[PDB]
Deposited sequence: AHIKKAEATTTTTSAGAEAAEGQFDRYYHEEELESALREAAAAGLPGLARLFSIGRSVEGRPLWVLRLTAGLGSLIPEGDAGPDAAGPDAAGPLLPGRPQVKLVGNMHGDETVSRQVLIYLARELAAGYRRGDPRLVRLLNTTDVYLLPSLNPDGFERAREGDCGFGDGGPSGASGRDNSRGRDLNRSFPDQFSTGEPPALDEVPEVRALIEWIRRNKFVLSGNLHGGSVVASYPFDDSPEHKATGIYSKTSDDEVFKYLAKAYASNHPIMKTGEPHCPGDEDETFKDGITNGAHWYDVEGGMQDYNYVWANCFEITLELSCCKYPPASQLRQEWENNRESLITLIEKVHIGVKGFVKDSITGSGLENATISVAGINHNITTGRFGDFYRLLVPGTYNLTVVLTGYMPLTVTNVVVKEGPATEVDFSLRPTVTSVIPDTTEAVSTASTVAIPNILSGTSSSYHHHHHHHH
């Protein structure tokens, strides 16, 4: 390791990860400077039935670069594991989309060892990619528009944003109706599932198992169980996780890995050790809730005001915490810890 991947080195790393294992490398668009947004599909091309889509988007902010490296390493490790059980099953039952960098321009503009505590956080136009999404409360951000089109073109059910500047797992509704900076806890219809996903990701991390991050700037942000709500943490107008929850049916969680946004490459291996398990767990947490088939049909659960839509082949993946739920189709079901309960319509 001990090396960052730059222009045409990210593409080369993804190509060698594909060769290590299966993998399809493509681009969902281009950045402001025309730098392609590389996406690696592990399973462009047709959408296979029965495969719950998982997309892992990192490096939203250019200075946040642990995400890029851990995404590359995760793709390589998944390819090697499939080539060599757990990873084989994960790649056989789950379609995993790996997007190492949504802001390659900012990553190039980022500097060595700044750590966060001008910097490349925004794209080439100075617009934050995390502040350029529609919120329930373009043409200047081609990466954001490209990702919006990519989400609209697919049916992602679980997703993970990897960030920097903190060590925490934030779940959706990063903004609030009153738009107060902190304090206000914005609860979603699927808040329990988001909490379960954030807890599952944070438990495996050797740092987020304790809510306190031990890094400059806060020194006292003792997150409960290593997870937090975005609005409860700090308000973000037009975030992407809230968009993915509202305008899409995806369950998208932000994951701040380290408080040093751009660590020296020597730390990368260590950071990999801090995430290798966690990322995999997150992906293998998409097999929860219920799964089944019914064709652009609305699927709803009683007691929750959030309705999902079946995919092109009628496949729906309703992520849920274990329990008994009343499923409804518009055009008692038991959930247990483990594989999704199969219900047909």
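J.: Could you please spell out the deposited residue ranges that have no C-alpha entry in the coordinates?
T.: Those parts of the chain that were deposited but carry no coordinates are 1-23, 45-47, 70-90, 132-133, 167-173, 194-200, 358-366, 404-412, 427-470.
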